[PDB]
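Let me begin by presenting the structure, written as structure tokens, before commenting on it.
The numbers here are math on the coordinates, done by the rules we state, and not lab data. Reconstructed Cβ throughout: ideal geometry from the backbone, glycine too, with neighbour counts over all protein chains shown.
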Ligand SMILES: Nc1ncnc2c1ncn2[C@@H]1O[C@H](COP(=O)(O)OP(=O)(O)O)[C@@H](O)[C@H]1O
Ligand SMILES: [Mg+2]
């Protein structure tokens, strides 16, 4: 689902003809970008909630 | 506790058995000591390079066997040993524990556990001095080693089995690039395919104990200690420890290599090993050969680094990639020890101090850093993009020197000069930042294909991050295709071209 | 190096000013007295403070000899004072 | 030999009344019987963060907020700013 | 014990050969005392030639030595008196107090060549000592058990900085100090001793804060080599006896390393041609191994390496930053502005200045201060060239905040009360962080710039501000 | 906690070392010479006979 959203967002960014002179939509763009970066960081750095007592205890 | 009691009882039973068996099979009386070299009488039929037990407890080994007197270099402090001390011989050549148990453990030159984490479990004991594999057992270097530097280390690779040198002055990044390579090997040794895992082994010879402690701390911070052996001899112990630690690291490396596994060994700052051999030879009665260096320094470098090789499929297809490091003075690569080690290795990586002071943290000079795996023993994606980029960068440097010589059709008007300067600014990296091979092709491809003419030198640093984010956010298709295929085909080349001239406008 | 380490400061001499014409070829940049200030007659000590900065500035801006005509007025004045001293 | 029994009794008597069994201390004056499990119980606690990280404080952070049910006012503010940005296009 | 004795066989300049009997041969690094009319001379063993003869190196001149002279064996390394009785006393390499203040009444004598700790005992924990001066403990915080150093010139206040450091460690940490005199000029040594006495930190009739071990380099090279060893022994005894984070003061690593190289040259070793020193590996490494962190205390050596005309020749002084964990440069430029601490905040970097080492807020404050100072000098260039007008309001805010920080770096020294008459203060690390961050956000911008001058702590900042607003304004 | 337990094991080991050296010093004082001398003299005699 994120792939199509990124595709359309980037296509809109690169196809701006009468969509220039903006101040806050780019801010929301970086907000979404850093939100996705935090998503990826959380998935790659998922610590183990339960204690791994099978091998650690 | 319970284990010390039974361990002590068993070992002292073995000690009594040894004392009651064959007397001791040879002894000797100490004639002289000093600087870690000890003369001793007796030992009439002592083996060459044989470990010997001293009454005080210090270990020894036989470099010299004179008529009557025996040249023993002392493995440890010479304070304990005195005149007349009985010198029992162990009955075997100098050995070191080798096996999978050394993973995650720090040991000395002799292989004894020094990290205090417990005993070392070794499959066997290998001689510290082992003849290098022959021509047929050796194999052409074809398997890449992922350096993870996003620099010339990628365009001109290392590969599995090369002894790629790392020359440069002190505090230029030699240990830095070594540790970045070790960290980058985690992505491949964290899986299950043993044919791609690179079980690293560090040689921190001539390194202060605080520095090696910080190094191992950084290793286990990034979960790199699980596959790295830190067999080394710090500056605290005697010169023979420094001389033998890299050789026992080589023994561990061959054990990994002879078992079909792939191991990366970094001989960090062999200069202290050479000067430790100097210290041995000065008082072992071996006259120096050249420049106060005994002649056998070249031979010892030869035997130590030629053990590093890529085995053939008959021998198990193992690899023993070596990363020798030398600390030169003032960038003098024409000094003796440089000349030997640059002639002992398969290419070098120059790290001049001026580039480090300029701001380039890798500080690698493209012009002199050569290798024998140009567009070979690489991933394939990087080898097609930059198979001959080093020569182009060297010519860029020469023309830029030529450009400043006289005002002509040069400077920004030269496409070659612009491409070379943009690529040189591209080849940069921060420490503790291992970059995978997939996020390295687009940058070099943009540099080589003349797509960086209108990006400006100052903005290339931001362009790198923007382009990498572009791939990792909305162009992961071709990036993952390159990563999984390990090569860029016509489809992948077209996709990368699409990405690069779509993002050239930004 | 042993001699400069044992000695409490040195006064460097070079034959090159000896050949150009400055026979007392004492160069301040490499010469130093670690206890000279504490053991100097007070008049010269108080007046020589301005000498050091003047000649140091002259020697550092001495690289462009035939250029101070249009480089900067301050550089020209520094060169004048330095050669006078 | 003599050592074969002497050192085993040495390492089975003092370690017995030194730890594991955890009672008395014959060989040396300072006792580690109440030192390692009682005084050193707060050892790592002093080394690490106490009452914050050792107890894993259940810090219930404030939930993510929103536009606070902003009415059409912000909508026409956005309309106005978009219009004044696009007027000079 | 048997009366171990020997007979002198050769005197190789400083080297002395002594012939012992069977089983009477002492080991190497073992003191061998010889009774001489000019006092007491001892020799440490370094080489065993053989035939019951051991090569030794004298700790003093071998004047009047005769073959067959009786040589008494101490039994181990060169034992030096240790304890609080050694504080404020000039003790040589051998151990005899050379301050002309009488014998040292020490109850213990720990050998200089003590066994170094093991690798498993090498504590890698990195925590920062509180010094007592904001600039050092914040900009380049001192590593505990590491190798920190001072790199300053002459007349910038390096010696008075040493005095303030030792006084603050004695009062804040409660730990004594040691200063070594390896390769010392006796003139500057006498000047340092006079300043030490006049600062009133070593009360001769009272408490002394520094055990000023001192070895003249007019002595043979072995004395220079082992004066660092005996200073290390004093520091180690203080650490292992009292729960003190004592700090060690090496006056120069270069002098110790050159002394070691000539010791090796006399013994029969040689460096490489055209100039290069790799021989120091054993002694330099052992000296580093003698400075670590133990469970009960710690020793933080100071490498007060004087700048050799911006040219470090020997490899050990060359690129000291490899061995350095917290650089403290004493530049003349900052002292020209009048800031009493000559620590250059921009060039004083520390390897322990990290978020996970000193703290999140500590790292944030230090990084912000460094960035503000960099912007301050960068905009000071254009202020001097094009004037103050060519500068923006955000640049104005950054410049004024960084200027307030720089003027705040000047803090009183408790040892300068006689040198310039200032009420020396001992700041707190938490107080230092609080004051620096409070200056950082700009909540103290209304405070006059002169108030930030010559103060320690934000409470003193507001006190000076209200004093200025009450007396002058 | 695991590194604290490792430090506990290390300090227990060094305390065992101190106990061992203290008992060695105690053995250096008590009359424990003739019996062990006879014992390992018989041991060396048996060692010679075994070969
Ligand atoms: N991005 C970077 N890349 C490499 N080194 C860096 C970087 N940033 C800082 N450094 C510093 O460079 C030093 C590298 O020194 P090193 O190469 O280990 O010395 P040596 O060559 O004597 O082994 C490190 O101490 C580190 O603090
Ligand atoms: Mg290094």
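Looking at residue B:373, is it buried (at least 21 other Cβ atoms within 10 Å of the Cβ) and assigned to a helix (DSSP H, G or I)? No; evaluated as a whole, the condition is false for this residue. For region E:434-451, the candidate set comprises residues that are over 30 Å from the mean Cα position of the chain (by Cα) and assigned to a helix (DSSP H, G or I); within that set, the residue that is surrounded by the most Cβ atoms within 10 Å (Cβ to Cβ) is E:439.
When region B:201-214 is filtered for residues that are more than 10 Å from chain E (Cβ to nearest Cβ) and either near ligand 2 (Cβ under 9 Å from one of its atoms) or farther than 16 Å from residue B:174 by Cβ (or both), the ones remaining, listed by number, are B:201, B:204. Take the residues in region E:32-49 that are more than 13 Å from chain B (Cβ to nearest Cβ), crowded, with 19+ Cβ neighbours inside 10 Å and out of contact with any helix residue (DSSP H, G or I) (no Cβ under 9 Å at 6 or more places or on another chain); name whichever of them is nearest to residue E:77 (Cα to Cα). It comes out as E:32. Checking the structure you have, find out if any residue of region B:242-256 is closer than 18 Å to residue E:281 by Cβ, within 12 Å of chain E (Cβ to nearest Cβ) and away from ligand 2 (no atom under 16 Å from the Cβ). Yes, the conditions are met somewhere in region B:242-256. So which residues in region E:183-213 are assigned to a loop (DSSP other than H, G, I, E, B), under 14 Å from residue E:250 (Cβ atoms) and touching a strand residue (DSSP E or B) at 6+ places or on another chain (Cβ under 7 Å), if there are any at all? Across region E:183-213, the qualifying residue is only E:212.
Summed over region B:1-40, residues that are in a helix (DSSP H, G or I), more than 30 Å from residue D:22 (Cα to Cα) and within 14 Å of chain F (Cβ to nearest Cβ) total 6. Being away from ligand 1 (no atom under 14 Å from the Cβ), in contact (Cβ under 8 Å) with a residue 40 or more places away in the chain and buried (at least 24 other Cβ atoms within 10 Å of the Cβ) is true of residue B:164.
No other residue among B:249, B:263, B:276, B:232 is closer than 17 Å to residue B:324 by Cβ and within 16 Å of ligand 1 (Cβ to nearest atom) apart from B:232. The set of residues in region A:11-48 that are within 13 Å of chain D (Cβ to nearest Cβ) and part of a helix (DSSP H, G or I) comprises A:25, A:26, A:27, A:28, A:31, A:35, A:38. Mind listing just one residue for me: the one in region B:320-342 that is away from chain E (no Cβ under 13 Å), touching a helix residue (DSSP H, G or I) at 6+ places or on another chain (Cβ under 8 Å) and closer than 30 Å to residue B:259 by Cα and, of those, farthest from ligand 2 (Cβ to nearest atom)? The qualifying residue farthest from ligand 2 (Cβ to nearest atom) is B:320. Being farther than 28 Å from residue E:122 by Cα and buried (at least 17 other Cβ atoms within 10 Å of the Cβ) holds for only one residue in E:330, E:312, E:324, E:353, and it is E:330.
Applying the criterion of being within 16 Å of ligand 1 (Cβ to nearest atom) and part of a helix (DSSP H, G or I) to the residues of region B:395-444, the residue that is nearest to residue B:146 (Cα to Cα) is B:426.
Scanning region E:92-113 turns up no residue that is buried (at least 19 other Cβ atoms within 10 Å of the Cβ) and within 30 Å of residue E:350 (Cβ to Cβ). The condition of being touching a residue at least 60 places away in the same chain (Cβ under 8 Å), within 27 Å of residue B:202 (Cβ to Cβ) and surrounded by 23 or more Cβ atoms within 10 Å (Cβ to Cβ) holds for only one of B:304, B:382, that being B:382.
Being surrounded by 24 or more Cβ atoms within 10 Å (Cβ to Cβ) and either touching a residue at least 40 places away in the same chain (Cβ under 8 Å) or away from ligand 2 (no atom under 16 Å from the Cβ) (or both) is the requirement here; does residue B:181 meet it? Criteria met by residue B:181.
Screening region E:37-118 for strands (runs of 3 or more DSSP E) wholly inside it with 2 or more residues that are on the phi > 0 side of the Ramachandran plot returns the ranges E:39-50. Under the condition of being in a loop (DSSP other than H, G, I, E, B), more than 30 Å from residue B:52 (Cβ to Cβ) and under 17 Å from the mean Cα position of the chain (by Cα), the residues counted in region B:207-246 number 4. The set of residues from region E:152-178 being touching a helix residue (DSSP H, G or I) at 6+ places or on another chain (Cβ under 7 Å) and not in a helix (DSSP H, G or I) comprises E:152, E:153, E:156, E:157, E:175, E:176, E:177, E:178. When residue E:325 is tested against (1) more than 14 Å from chain B (Cβ to nearest Cβ); (2) within 16 Å of ligand 2 (Cβ to nearest atom), only condition (1) is not met. Scanning region B:79-97 for residues that are more than 33 Å from the chain's Cα centre (by Cα), within 14 Å of chain F (Cβ to nearest Cβ) and farther than 30 Å from residue B:260 by Cα turns up nothing. When you scan region B:46-53, do you find a residue that is assigned to a loop (DSSP other than H, G, I, E, B), over 29 Å from the mean Cα position of the chain (by Cα) and more than 17 Å from residue B:127 (Cα to Cα), even just one? No, region B:46-53 contains no residue that is assigned to a loop (DSSP other than H, G, I, E, B), over 29 Å from the mean Cα position of the chain (by Cα) and more than 17 Å from residue B:127 (Cα to Cα). Quick test of your reading of the structure: residue C:75 fulfils all but one of (1) surrounded by 14 or more Cβ atoms within 10 Å (Cβ to Cβ); (2) over 24 Å from residue E:156 (Cα atoms); (3) out of contact with any helix residue (DSSP H, G or I) (no Cβ under 8 Å at 6 or more places or on another chain). Name the failing condition by number. The one condition residue C:75 does not meet is (3).
Restricting region B:308-319 to residues that are more than 28 Å from residue E:276 (Cβ to Cβ) and not in a strand (DSSP E or B), the residue that is nearest to ligand 2 (Cβ to nearest atom) is B:309.
In the set (1) assigned to a loop (DSSP other than H, G, I, E, B); (2) touching a strand residue (DSSP E or B) at 6+ places or on another chain (Cβ under 9 Å); (3) more than 16 Å from ligand 1 (Cβ to nearest atom), the condition left unmet by residue B:135 is number (2). Does region E:386-397 contain any residue that is within 25 Å of the chain's Cα centre (by Cα) and either in contact (Cβ under 8 Å) with a residue 12 or more places away in the chain or buried (at least 17 other Cβ atoms within 10 Å of the Cβ) (or both)? No, because not a single residue in region E:386-397 is within 25 Å of the chain's Cα centre (by Cα) and either in contact (Cβ under 8 Å) with a residue 12 or more places away in the chain or buried (at least 17 other Cβ atoms within 10 Å of the Cβ) (or both). Of the residues making up region F:8-51, those that are touching a helix residue (DSSP H, G or I) at 6+ places or on another chain (Cβ under 6 Å) and under 30 Å from residue D:19 (Cβ atoms) are F:8, F:23, F:36.
If I filter region B:356-369 down to residues being more than 14 Å from chain E (Cβ to nearest Cβ) and over 19 Å from residue B:155 (Cα atoms), which single residue comes out as farthest from ligand 1 (Cβ to nearest atom)? So the residue we want is B:358.
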